[PDB]
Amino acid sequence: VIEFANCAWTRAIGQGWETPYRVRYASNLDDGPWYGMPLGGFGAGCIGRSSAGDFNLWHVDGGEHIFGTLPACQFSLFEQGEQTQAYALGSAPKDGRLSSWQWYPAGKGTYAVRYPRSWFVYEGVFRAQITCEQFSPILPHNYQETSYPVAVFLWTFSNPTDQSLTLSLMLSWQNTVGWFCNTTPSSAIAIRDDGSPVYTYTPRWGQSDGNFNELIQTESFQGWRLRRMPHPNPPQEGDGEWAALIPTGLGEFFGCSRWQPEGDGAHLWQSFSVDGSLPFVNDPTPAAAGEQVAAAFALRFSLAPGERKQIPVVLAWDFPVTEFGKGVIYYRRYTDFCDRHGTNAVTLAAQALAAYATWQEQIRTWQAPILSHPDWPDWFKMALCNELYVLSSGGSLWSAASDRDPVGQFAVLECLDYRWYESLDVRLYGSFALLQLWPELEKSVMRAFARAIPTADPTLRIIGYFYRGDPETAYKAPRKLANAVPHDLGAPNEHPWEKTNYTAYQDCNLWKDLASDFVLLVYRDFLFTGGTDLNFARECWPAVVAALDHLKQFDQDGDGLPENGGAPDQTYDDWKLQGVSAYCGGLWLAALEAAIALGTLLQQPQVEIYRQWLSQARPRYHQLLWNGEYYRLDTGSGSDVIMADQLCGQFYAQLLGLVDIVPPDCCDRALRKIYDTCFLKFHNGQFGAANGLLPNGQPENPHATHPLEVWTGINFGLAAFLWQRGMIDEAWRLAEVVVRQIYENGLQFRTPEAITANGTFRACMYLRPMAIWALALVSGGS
């Protein structure tokens, strides 16, 4: 019943890792390797469940992260034939809660994922063949269901034995209404040891006062709903409800609305483990001070020899408010298809029960071109889908529609350690999936950038690179200069979209890549959506002009080329560049080309000056940086290092149908050398491409950080570049190594920025790795 297991990530249920990757700095996040596929739409709030069956990831509070199991949130199975057996389908709690429950033995089945579908196939315990397919309706080109806070658990049971079986399927859940909010919002900003600003998150975990549960029973569906008394109007962050439903007509329904998840769970288990029933309870008493509450239902059915039954179970959660900074209130996009009152969980669940099979068909339909591609390896089909997981679990925001944002505004975090949105340098590579599958969301993000470019915040704030532990004497720079390009679209502790350039490790008002990134993204988004959206192009054009003028001020000598200087001033933000760099110089030339193309289409007056700049700048870049084998890092440092991502501009120019920014023979020779050195002489091509090595495969400096890291998303960009330049075998080999490192070593559903050669990672749950879609785009004909 797992469809195309070979294009799915699989692991035996509850099989762990001998030696997973671990975080390279102790102050940074490492929950360990037990992430499974997240459930829930983008910006819906999401929950994750591990390959052991534990619901351990709670992202119901928009942009916030909690990792921890609530053992009572779980499916349990009872079967009786020859023998009687009953198991909760998670791991045994370590702290002794639910001591009466028995837990499914590890290694007795397969967990499989191709996002947004996953499967538990249970085998070798029960006599029935039992599969649970878990999915949310994540649909490309669909700006409705993709936002929904629903998970479908589609169970298939079949009896392969000579004897009739009695089965019962239970879902219990703890009422967490009111838990998912910050009691310390707009808190003091601390500088962490890696230089990043951090805030304090103090959720109301375990605060259940007023929480109650009721059974739901109609002609069509039955289950439970988890609420809180009172429910204010309007709701505040944390206010809402859960529901879970099955259709009627499928067997005998046992409901128990109120049981104690902190106790031994015997009230439930003494019935369930014996005959698959529960004691009848419909008790909406609000929970007392100090008291936790949970609900459960079980469905009991018989399965005759050779019979197959399916049971759809749907969970829905209606938490409509995302509050960011204190008093900064947005509604979630799904509210446009119900309302903003936070009283809709049953109606959402009901819609799911009605539509789940349609949604399942639609998922098979959009994935079918990928799975049937004749020139894509199995691992790639798998990773292409699986890397979409971050669009759900990356602190994703998707707001309610407005006139100027007709499908809502959208944002994914750079990551959990680096808690701000849609970092521009990062999305250069990381935004290829969003462009291809949700181009209206892609456009809203770029429109948010466009609007922010002219704004300013003169307020002086600490720059982390320079911080020496005293706030008052610390070097500070203006939050944002008018017409500078912001690094990001703000943070979940402030105001996403509207308050930009939140990052403070460097002063991004000085960065030399961001302006080019902005232009290249605008043009790419216009071109790859048919070259017809003149509204998008006209809206972004003033910002294109402002961006390029901003970056042109950093051309000190007037040769046409902006020069790096000072603190690290581009995406490799622990790596100092001096003078014209290959990286930023390249992006600049590709940007100018892009602005010339778009500006000509739009008939704009700036086109003449961009052609003059490019006529000076383009020959000059080769003239300055060619060393005979590759492009020099920069003009000022005298470094002999090979930067793997030196010709990012040439990748982009060609991707965009624009003229080569360098001689294609030089491009090809540079790229061959990057591959032969940065990949093949970095521990023999075991990890992928290091960002910078000497021509002999040694580090320039054995202690440097960025040069000696493999950036997953940079590697995917490089693969795409290789493929576009005709080095096909090379692209597939490099991309394979990176996928294997992630999906074999405990990084699945938390893909990081960086791996080292020493079993360590940096910045789990990272935006860049969606760059695997750039390879799909260049190789995908069709």
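In case it trips you up, residue 1 is the first one in the sequence shown, and so on.
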In the PDB record, does 157 to 165 or 636 to 644 carry the higher mean Cα temperature factor? 157 to 165
Output the stretch having the higher mean C-alpha B factor in the entry; the candidates are 532 to 540 and 489 to 497. 532 to 540
Reading the B-factor column of the entry, which of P454, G579, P663, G265 has the highest value at its C-alpha atom? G265
Which of these has the highest Cα B-factor in the record: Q351, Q570, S273, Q506? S273
Pull the Cα B-factor of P247 out of the PDB entry and bin it into the chain's lowest, middle or highest third. middle
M765 - which third its CA temperature factor falls in, relative to the rest of the chain: middle
By the recorded C-alpha temperature factor, relative to the other modelled residues in its chain, which third is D54 in? middle
Among the modelled residues of its chain, does the C-alpha B-factor of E736 lie in the lowest, middle or highest third? highest
For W9, return the chain-relative third of its C-alpha B-factor as stated in the PDB record: lowest, middle or highest. middle
